[PDB]
>>> print(open('my_file-v8.txt').read())   # compact mmCIF, C-alpha atoms and all ligand atoms
# COMPACT_ATOMS: atom_id res chain seq x y z
CA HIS A 4 -11.69 -10.42 4.99
CA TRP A 5 -11.81 -13.57 7.06
CA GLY A 6 -8.69 -15.24 8.39
CA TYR A 7 -7.05 -16.76 11.47
CA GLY A 8 -5.78 -13.63 13.20
CA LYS A 9 -6.84 -11.89 16.39
CA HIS A 10 -9.55 -9.79 14.71
CA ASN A 11 -10.82 -11.95 11.83
CA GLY A 12 -10.40 -15.49 13.14
CA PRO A 13 -12.81 -18.33 13.90
CA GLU A 14 -14.69 -16.41 16.61
CA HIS A 15 -15.60 -13.68 14.05
CA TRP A 16 -16.73 -15.88 11.14
CA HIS A 17 -20.36 -16.11 12.28
CA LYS A 18 -20.86 -12.41 11.52
CA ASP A 19 -20.46 -12.92 7.77
CA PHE A 20 -21.32 -16.65 7.81
CA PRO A 21 -24.19 -17.35 10.27
CA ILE A 22 -24.05 -21.09 9.56
CA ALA A 23 -20.90 -21.05 11.75
CA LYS A 24 -23.34 -21.57 14.64
CA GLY A 25 -25.24 -24.31 12.79
CA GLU A 26 -26.21 -27.87 13.61
CA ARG A 27 -23.50 -29.87 11.77
CA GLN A 28 -20.34 -27.74 12.00
CA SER A 29 -16.75 -29.07 11.77
CA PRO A 30 -14.32 -29.82 13.17
CA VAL A 31 -15.34 -31.77 16.28
CA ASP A 32 -13.67 -33.56 19.12
CA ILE A 33 -13.72 -37.31 18.47
CA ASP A 34 -14.56 -38.95 21.80
CA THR A 35 -13.25 -42.46 21.14
CA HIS A 36 -15.32 -44.08 23.89
CA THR A 37 -18.60 -42.53 22.73
CA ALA A 38 -18.12 -43.28 19.01
CA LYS A 39 -20.14 -46.32 17.98
CA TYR A 40 -18.70 -49.28 16.14
CA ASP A 41 -20.86 -49.88 13.07
CA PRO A 42 -20.21 -53.28 11.43
CA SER A 43 -22.43 -52.23 8.49
CA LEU A 44 -19.77 -49.71 7.36
CA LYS A 45 -17.87 -50.98 4.34
CA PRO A 46 -14.10 -50.63 3.96
CA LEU A 47 -12.96 -47.39 2.39
CA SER A 48 -12.03 -47.67 -1.27
CA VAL A 49 -9.22 -45.21 -2.01
CA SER A 50 -8.38 -45.51 -5.72
CA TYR A 51 -5.54 -43.07 -6.44
CA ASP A 52 -3.53 -45.15 -8.96
CA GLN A 53 -4.45 -42.84 -11.89
CA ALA A 54 -4.30 -39.54 -9.98
CA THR A 55 -3.11 -36.52 -11.99
CA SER A 56 -1.71 -33.72 -9.85
CA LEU A 57 -1.41 -30.41 -11.68
CA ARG A 58 -0.34 -27.55 -9.49
CA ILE A 59 0.32 -26.29 -6.00
CA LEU A 60 -1.18 -22.98 -4.86
CA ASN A 61 -0.75 -20.70 -1.85
CA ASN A 62 -4.30 -19.36 -1.51
CA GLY A 63 -3.52 -17.14 1.49
CA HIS A 64 -4.55 -19.59 4.20
CA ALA A 65 -3.16 -22.99 3.12
CA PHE A 66 -1.33 -24.54 0.19
CA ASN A 67 -3.51 -26.66 -2.11
CA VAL A 68 -2.19 -29.42 -4.33
CA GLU A 69 -4.79 -29.54 -7.12
CA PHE A 70 -5.70 -32.55 -9.25
CA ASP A 71 -7.40 -33.12 -12.60
CA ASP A 72 -10.97 -33.93 -11.60
CA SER A 73 -12.44 -33.98 -15.14
CA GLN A 74 -12.36 -37.81 -15.17
CA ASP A 75 -12.69 -40.58 -12.56
CA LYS A 76 -8.93 -40.78 -12.06
CA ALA A 77 -8.60 -40.53 -8.27
CA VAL A 78 -11.78 -41.52 -6.47
CA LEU A 79 -13.03 -42.31 -2.97
CA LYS A 80 -15.80 -44.89 -2.58
CA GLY A 81 -17.16 -47.26 0.00
CA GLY A 82 -17.09 -46.64 3.72
CA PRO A 83 -20.17 -44.58 4.61
CA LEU A 84 -20.39 -43.24 1.07
CA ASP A 85 -22.94 -43.88 -1.66
CA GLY A 86 -21.57 -43.32 -5.12
CA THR A 87 -18.25 -41.96 -6.28
CA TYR A 88 -16.27 -38.95 -5.04
CA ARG A 89 -13.48 -37.40 -7.16
CA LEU A 90 -10.31 -35.97 -5.65
CA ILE A 91 -10.03 -32.24 -6.46
CA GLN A 92 -7.30 -31.14 -4.04
CA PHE A 93 -5.52 -31.76 -0.75
CA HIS A 94 -4.09 -29.30 1.78
CA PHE A 95 -3.11 -29.10 5.41
CA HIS A 96 -3.87 -27.23 8.61
CA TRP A 97 -1.00 -26.81 11.06
CA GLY A 98 0.13 -25.06 14.21
CA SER A 99 2.79 -22.63 15.31
CA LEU A 100 3.94 -25.39 17.69
CA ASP A 101 3.98 -29.18 17.53
CA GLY A 102 1.31 -29.51 20.21
CA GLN A 103 -1.44 -27.86 18.16
CA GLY A 104 -2.46 -27.62 14.55
CA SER A 105 -5.08 -30.26 13.84
CA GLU A 106 -8.75 -29.25 13.45
CA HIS A 107 -10.26 -32.49 14.66
CA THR A 108 -9.11 -33.71 18.06
CA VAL A 109 -9.09 -37.23 19.51
CA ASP A 110 -10.19 -37.30 23.16
CA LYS A 111 -9.16 -33.61 23.20
CA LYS A 112 -5.69 -34.45 21.85
CA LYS A 113 -4.43 -31.97 19.24
CA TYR A 114 -2.06 -33.23 16.55
CA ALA A 115 0.65 -31.09 14.96
CA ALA A 116 -1.24 -30.92 11.66
CA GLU A 117 -4.12 -32.45 9.73
CA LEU A 118 -4.25 -33.42 6.06
CA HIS A 119 -7.52 -32.98 4.14
CA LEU A 120 -7.99 -34.89 0.88
CA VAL A 121 -11.08 -33.22 -0.58
CA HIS A 122 -13.45 -35.19 -2.83
CA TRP A 123 -16.75 -34.24 -4.50
CA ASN A 124 -19.77 -36.37 -5.37
CA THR A 125 -19.81 -37.20 -9.13
CA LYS A 127 -23.66 -37.08 -9.04
CA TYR A 128 -23.44 -33.24 -8.84
CA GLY A 129 -21.29 -32.63 -11.92
CA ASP A 130 -18.70 -30.35 -10.33
CA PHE A 131 -17.31 -29.09 -7.04
CA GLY A 132 -19.26 -25.82 -6.99
CA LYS A 133 -22.60 -27.64 -7.28
CA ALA A 134 -21.54 -30.33 -4.77
CA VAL A 135 -20.84 -27.92 -1.92
CA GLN A 136 -24.52 -26.89 -2.10
CA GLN A 137 -25.62 -30.45 -1.25
CA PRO A 138 -25.77 -32.26 2.12
CA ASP A 139 -23.79 -35.19 0.68
CA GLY A 140 -21.68 -33.18 -1.80
CA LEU A 141 -18.23 -33.65 -0.36
CA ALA A 142 -16.26 -36.44 1.26
CA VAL A 143 -13.09 -35.33 3.03
CA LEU A 144 -10.47 -37.84 4.13
CA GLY A 145 -8.77 -36.41 7.23
CA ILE A 146 -5.37 -37.66 8.35
CA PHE A 147 -3.54 -36.55 11.46
CA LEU A 148 0.17 -35.71 11.42
CA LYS A 149 2.45 -36.25 14.41
CA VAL A 150 6.09 -35.18 14.62
CA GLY A 151 8.68 -37.96 14.60
CA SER A 152 10.10 -39.82 11.61
CA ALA A 153 10.05 -38.12 8.21
CA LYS A 154 7.33 -39.05 5.74
CA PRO A 155 9.17 -39.74 2.44
CA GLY A 156 6.10 -39.19 0.26
CA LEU A 157 5.64 -35.66 1.69
CA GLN A 158 9.10 -34.32 0.92
CA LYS A 159 8.31 -33.34 -2.72
CA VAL A 160 5.55 -31.12 -1.35
CA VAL A 161 7.91 -29.70 1.27
CA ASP A 162 10.63 -28.88 -1.25
CA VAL A 163 8.40 -26.76 -3.51
CA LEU A 164 7.02 -24.51 -0.72
CA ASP A 165 9.88 -22.01 -1.29
CA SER A 166 8.41 -21.23 -4.69
CA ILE A 167 4.91 -20.42 -3.36
CA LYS A 168 5.83 -18.50 -0.22
CA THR A 169 3.14 -15.82 -0.49
CA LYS A 170 -0.57 -15.53 -1.24
CA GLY A 171 -1.57 -16.12 -4.83
CA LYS A 172 1.67 -17.88 -5.90
CA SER A 173 1.36 -21.21 -7.76
CA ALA A 174 3.79 -23.71 -9.19
CA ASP A 175 3.53 -26.63 -11.60
CA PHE A 176 3.28 -29.77 -9.52
CA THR A 177 2.81 -32.81 -11.75
CA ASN A 178 3.26 -36.54 -11.13
CA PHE A 179 2.73 -36.37 -7.37
CA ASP A 180 1.32 -39.60 -5.92
CA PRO A 181 -1.03 -38.90 -2.98
CA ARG A 182 -0.85 -42.58 -1.92
CA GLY A 183 2.47 -41.65 -0.33
CA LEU A 184 0.59 -39.60 2.28
CA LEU A 185 -1.60 -42.44 3.64
CA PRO A 186 -1.01 -44.41 6.88
CA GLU A 187 -0.94 -48.23 6.78
CA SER A 188 -4.44 -48.67 8.20
CA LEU A 189 -7.64 -47.24 6.74
CA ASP A 190 -9.59 -47.65 10.01
CA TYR A 191 -11.70 -44.51 10.37
CA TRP A 192 -14.33 -42.49 12.23
CA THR A 193 -17.11 -40.85 10.25
CA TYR A 194 -19.73 -38.17 10.97
CA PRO A 195 -21.69 -35.56 8.97
CA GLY A 196 -20.16 -32.09 9.11
CA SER A 197 -19.15 -28.94 7.28
CA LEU A 198 -16.35 -27.10 5.59
CA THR A 199 -14.01 -25.84 8.31
CA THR A 200 -13.36 -22.51 6.59
CA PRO A 201 -15.85 -19.95 5.26
CA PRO A 202 -18.40 -20.43 3.73
CA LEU A 203 -18.67 -23.28 6.33
CA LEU A 204 -21.29 -25.06 4.21
CA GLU A 205 -22.77 -28.18 5.80
CA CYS A 206 -21.94 -30.42 2.86
CA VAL A 207 -19.23 -32.83 4.10
CA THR A 208 -19.15 -36.47 5.05
CA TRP A 209 -16.06 -36.52 7.24
CA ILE A 210 -13.91 -39.65 7.17
CA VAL A 211 -11.09 -39.27 9.74
CA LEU A 212 -8.39 -41.96 9.83
CA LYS A 213 -7.53 -43.42 13.23
CA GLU A 214 -3.82 -43.87 12.40
CA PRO A 215 -1.69 -40.70 12.12
CA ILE A 216 1.20 -40.37 9.73
CA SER A 217 4.57 -39.25 11.08
CA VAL A 218 6.40 -36.26 9.64
CA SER A 219 9.74 -34.85 10.71
CA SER A 220 10.23 -31.64 12.63
CA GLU A 221 12.09 -30.42 9.53
CA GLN A 222 9.05 -31.06 7.31
CA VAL A 223 6.55 -29.24 9.60
CA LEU A 224 8.99 -26.34 10.07
CA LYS A 225 8.89 -25.74 6.33
CA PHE A 226 5.08 -25.48 6.47
CA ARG A 227 5.54 -22.65 9.02
CA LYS A 228 7.81 -20.64 6.71
CA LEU A 229 4.88 -19.92 4.39
CA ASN A 230 3.06 -16.56 4.49
CA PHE A 231 -0.64 -15.59 4.72
CA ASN A 232 0.20 -12.28 3.01
CA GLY A 233 1.02 -11.50 -0.58
CA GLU A 234 4.47 -10.56 -1.82
CA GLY A 235 5.46 -7.01 -0.90
CA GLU A 236 3.04 -7.03 2.04
CA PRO A 237 4.10 -7.28 5.70
CA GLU A 238 5.17 -10.82 6.56
CA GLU A 239 2.68 -12.79 8.63
CA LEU A 240 3.68 -16.42 8.97
CA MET A 241 1.12 -19.00 7.84
CA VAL A 242 0.65 -20.84 11.13
CA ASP A 243 -2.35 -21.90 13.24
CA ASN A 244 -4.68 -22.02 10.23
CA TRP A 245 -7.05 -24.35 12.10
CA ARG A 246 -10.57 -23.95 13.41
CA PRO A 247 -11.20 -25.22 16.96
CA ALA A 248 -13.57 -28.06 17.77
CA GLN A 249 -17.25 -27.18 17.40
CA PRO A 250 -20.21 -28.54 19.41
CA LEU A 251 -21.29 -32.01 18.36
CA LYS A 252 -25.00 -31.23 18.98
CA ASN A 253 -27.31 -33.93 17.54
CA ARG A 254 -24.67 -36.07 15.83
CA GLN A 255 -23.24 -39.54 16.41
CA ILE A 256 -19.65 -40.36 15.45
CA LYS A 257 -19.35 -43.86 14.01
CA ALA A 258 -16.24 -46.04 13.96
CA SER A 259 -15.35 -48.63 11.31
CA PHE A 260 -13.33 -50.60 13.86
CA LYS A 261 -13.72 -51.92 17.35
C1 LIG B 1 -13.55 -23.50 -1.59
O1 LIG B 1 -12.61 -24.52 -1.39
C2 LIG B 1 -12.59 -25.03 -0.08
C3 LIG B 1 -13.57 -24.65 0.83
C4 LIG B 1 -13.55 -25.15 2.12
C5 LIG B 1 -12.57 -26.05 2.52
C6 LIG B 1 -12.61 -26.57 3.95
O2 LIG B 1 -13.33 -25.86 4.88
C7 LIG B 1 -11.88 -27.83 4.45
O3 LIG B 1 -10.51 -27.56 4.39
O4 LIG B 1 -12.24 -28.09 5.77
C8 LIG B 1 -12.27 -29.11 3.70
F1 LIG B 1 -12.04 -29.05 2.36
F2 LIG B 1 -11.58 -30.15 4.25
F3 LIG B 1 -13.59 -29.32 3.92
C9 LIG B 1 -11.58 -26.42 1.62
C10 LIG B 1 -11.60 -25.92 0.32
ZN ZN B 2 -9.05 -28.38 5.35
>>> encode(input="my_file-v8.txt", output="structure tokens")
Amino acid sequence: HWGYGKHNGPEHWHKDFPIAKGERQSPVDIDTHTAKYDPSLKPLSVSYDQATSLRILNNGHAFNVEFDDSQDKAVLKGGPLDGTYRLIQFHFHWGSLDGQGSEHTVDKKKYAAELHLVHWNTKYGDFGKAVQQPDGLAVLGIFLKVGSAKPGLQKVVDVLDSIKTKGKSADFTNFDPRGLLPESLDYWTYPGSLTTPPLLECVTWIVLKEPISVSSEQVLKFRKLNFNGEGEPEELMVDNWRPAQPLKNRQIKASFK
């Protein structure tokens, strides 16, 4: 099926998913001098105090930390958003090398990885209905650079051994996603899509200006994961990122000057 390899990667997706060539595809390059400061954007409201993590899953192209989204426990509000978006999961995209890995780029700069905290619009009842709507998802994107370790990431790092291959999951309770945030919530925002198939154009992207730092040791443990299932030939889970797509008729807005 689809993947990130030579023969099934981003340049092939349009054959099964024609929206790959659509008008609001993600990710994009964030040109910081062309993005417009909008003083009518509110501050982001990240309310994760009551978040309930449940499990961590290797789904064959990332690892997802999944949350209980049956109540308003961990919600995103404010910023460019109308209404309330519930946290369902977060995951990362990363490279085979420190100089690549992020999906979004900032003046063509690639970060070593990118964190996606995925939220769905409560007005649509559940995630599956939300992805069918132009304003169904809000994804908080956070760049990772390599330097100092991120203490709040280490618990994630230490469980990756137990979900090395596709389809493996592990209990993963009492994880606080607030430990993955930078100090500043300054952000860029633009309307976009899922960055993996089905590539639905359902996402309000909110990309934080300030990266978090992770250690070389932490990112190396991401790269020990496998795209394949157990007992299948070992293909390291690396470079699970889609390149920047054409901006077309879209304007990136900044919450800061
Ligand atoms: C079906 O479940 C997912 C579908 C698509 C995605 C993505 O394409 C994404 O990782 O870009 C994001 F969620 F950030 F939009 C993630 C989960
Ligand atoms: Zn993602």
>>> residues_around(input="my_file-v8.txt", residues="residue 99 in chain A", least_positions_apart="3", cutoff="10 Å", atoms="all atoms listed in the file", output="VMD selection string")
chain A and resid 102 to 104 115 to 116 223 to 224 226 to 227 240 to 244
>>> atom_distance(input="my_file-v8.txt", atom1="CA of residue 33 in chain A", atom2="CA of residue 84 in chain A")
19.6 Å
>>> residues_near_ligand(input="my_file-v8.txt", ligand="ligand LIG 1 (chain B)", cutoff="6 Å", atoms="all atoms listed in the file", output="PyMOL selection string")
chain A and resi 119+121+143+198-200
>>> write_last_selection(input="my_file-v8.txt", atoms="C-alpha atoms", output="PDB file, keeping the file's coordinate frame")
ATOM      1  CA  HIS A 119      -7.520 -32.980   4.140  1.00  0.00           C
ATOM      2  CA  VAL A 121     -11.080 -33.220  -0.580  1.00  0.00           C
ATOM      3  CA  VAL A 143     -13.090 -35.330   3.030  1.00  0.00           C
ATOM      4  CA  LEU A 198     -16.350 -27.100   5.590  1.00  0.00           C
ATOM      5  CA  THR A 199     -14.010 -25.840   8.310  1.00  0.00           C
ATOM      6  CA  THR A 200     -13.360 -22.510   6.590  1.00  0.00           C
TER       7      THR A 200
END
>>> atom_distance(input="my_file-v8.txt", atom1="CA of residue 214 in chain A", atom2="CA of residue 139 in chain A")
24.7 Å
>>> closest_atom_pairs(input="my_file-v8.txt", of="chain A", to="ligand ZN 2 (chain B)", cutoff="12 Å", atoms="only C-alpha atoms and all ligand atoms", output="CSV")
residue,atom,partner,partner_atom,distance
A:29,CA,B:ZN2,ZN,10.0
A:30,CA,B:ZN2,ZN,9.5
A:64,CA,B:ZN2,ZN,9.9
A:65,CA,B:ZN2,ZN,8.3
A:66,CA,B:ZN2,ZN,10.0
A:67,CA,B:ZN2,ZN,9.4
A:68,CA,B:ZN2,ZN,11.9
A:92,CA,B:ZN2,ZN,9.9
A:93,CA,B:ZN2,ZN,7.8
A:94,CA,B:ZN2,ZN,6.2
A:95,CA,B:ZN2,ZN,6.0
A:96,CA,B:ZN2,ZN,6.2
A:97,CA,B:ZN2,ZN,10.0
A:104,CA,B:ZN2,ZN,11.3
A:105,CA,B:ZN2,ZN,9.6
A:106,CA,B:ZN2,ZN,8.2
A:107,CA,B:ZN2,ZN,10.2
A:116,CA,B:ZN2,ZN,10.4
A:117,CA,B:ZN2,ZN,7.7
A:118,CA,B:ZN2,ZN,7.0
A:119,CA,B:ZN2,ZN,5.0
A:120,CA,B:ZN2,ZN,8.0
A:121,CA,B:ZN2,ZN,7.9
A:122,CA,B:ZN2,ZN,11.5
A:142,CA,B:ZN2,ZN,11.6
A:143,CA,B:ZN2,ZN,8.4
A:144,CA,B:ZN2,ZN,9.6
A:145,CA,B:ZN2,ZN,8.3
A:146,CA,B:ZN2,ZN,10.4
A:147,CA,B:ZN2,ZN,11.6
A:197,CA,B:ZN2,ZN,10.3
A:198,CA,B:ZN2,ZN,7.4
A:199,CA,B:ZN2,ZN,6.3
A:200,CA,B:ZN2,ZN,7.4
A:201,CA,B:ZN2,ZN,10.8
A:203,CA,B:ZN2,ZN,10.9
A:207,CA,B:ZN2,ZN,11.2
A:209,CA,B:ZN2,ZN,10.9
A:211,CA,B:ZN2,ZN,11.9
A:244,CA,B:ZN2,ZN,9.1
A:245,CA,B:ZN2,ZN,8.1
A:246,CA,B:ZN2,ZN,9.3
>>> write_last_selection(input="my_file-v8.txt", atoms="C-alpha atoms", output="short mmCIF file (atom, residue, chain, number, x, y, z; two decimals), keeping the file's coordinate frame")
data_model
loop_
_atom_site.label_atom_id
_atom_site.label_comp_id
_atom_site.auth_asym_id
_atom_site.auth_seq_id
_atom_site.Cartn_x
_atom_site.Cartn_y
_atom_site.Cartn_z
CA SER A 29 -16.75 -29.07 11.77
CA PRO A 30 -14.32 -29.82 13.17
CA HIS A 64 -4.55 -19.59 4.20
CA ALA A 65 -3.16 -22.99 3.12
CA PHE A 66 -1.33 -24.54 0.19
CA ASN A 67 -3.51 -26.66 -2.11
CA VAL A 68 -2.19 -29.42 -4.33
CA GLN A 92 -7.30 -31.14 -4.04
CA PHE A 93 -5.52 -31.76 -0.75
CA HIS A 94 -4.09 -29.30 1.78
CA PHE A 95 -3.11 -29.10 5.41
CA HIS A 96 -3.87 -27.23 8.61
CA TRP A 97 -1.00 -26.81 11.06
CA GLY A 104 -2.46 -27.62 14.55
CA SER A 105 -5.08 -30.26 13.84
CA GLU A 106 -8.75 -29.25 13.45
CA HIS A 107 -10.26 -32.49 14.66
CA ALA A 116 -1.24 -30.92 11.66
CA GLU A 117 -4.12 -32.45 9.73
CA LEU A 118 -4.25 -33.42 6.06
CA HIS A 119 -7.52 -32.98 4.14
CA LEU A 120 -7.99 -34.89 0.88
CA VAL A 121 -11.08 -33.22 -0.58
CA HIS A 122 -13.45 -35.19 -2.83
CA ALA A 142 -16.26 -36.44 1.26
CA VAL A 143 -13.09 -35.33 3.03
CA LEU A 144 -10.47 -37.84 4.13
CA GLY A 145 -8.77 -36.41 7.23
CA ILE A 146 -5.37 -37.66 8.35
CA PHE A 147 -3.54 -36.55 11.46
CA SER A 197 -19.15 -28.94 7.28
CA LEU A 198 -16.35 -27.10 5.59
CA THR A 199 -14.01 -25.84 8.31
CA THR A 200 -13.36 -22.51 6.59
CA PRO A 201 -15.85 -19.95 5.26
CA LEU A 203 -18.67 -23.28 6.33
CA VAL A 207 -19.23 -32.83 4.10
CA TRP A 209 -16.06 -36.52 7.24
CA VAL A 211 -11.09 -39.27 9.74
CA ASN A 244 -4.68 -22.02 10.23
CA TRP A 245 -7.05 -24.35 12.10
CA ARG A 246 -10.57 -23.95 13.41
#
>>> closest_residue(input="my_file-v8.txt", among="A:56, A:162, A:175, A:71", to="residue 130 in chain A", atoms="only C-alpha atoms")
A:71
>>> atom_distance(input="my_file-v8.txt", atom1="CA of residue 128 in chain A", atom2="CA of residue 178 in chain A")
27.0 Å
>>> closest_residue(input="my_file-v8.txt", among="A:235, A:129, A:183, A:83", to="residue 210 in chain A", atoms="all atoms listed in the file")
A:83
>>> closest_residue(input="my_file-v8.txt", among="A:134, A:109, A:60, A:150", to="residue 36 in chain A", atoms="all atoms listed in the file")
A:109
>>> closest_residue(input="my_file-v8.txt", among="A:186, A:237, A:25, A:46", to="residue 205 in chain A", atoms="all atoms listed in the file")
A:25
>>> residues_around(input="my_file-v8.txt", residues="residue 253 in chain A", least_positions_apart="6", cutoff="12 Å", atoms="only C-alpha atoms", output="MDAnalysis selection string")
chainID A and resid 25:28 194:196
>>> closest_residue(input="my_file-v8.txt", among="A:250, A:42, A:86, A:98", to="residue 24 in chain A", atoms="only C-alpha atoms")
A:250
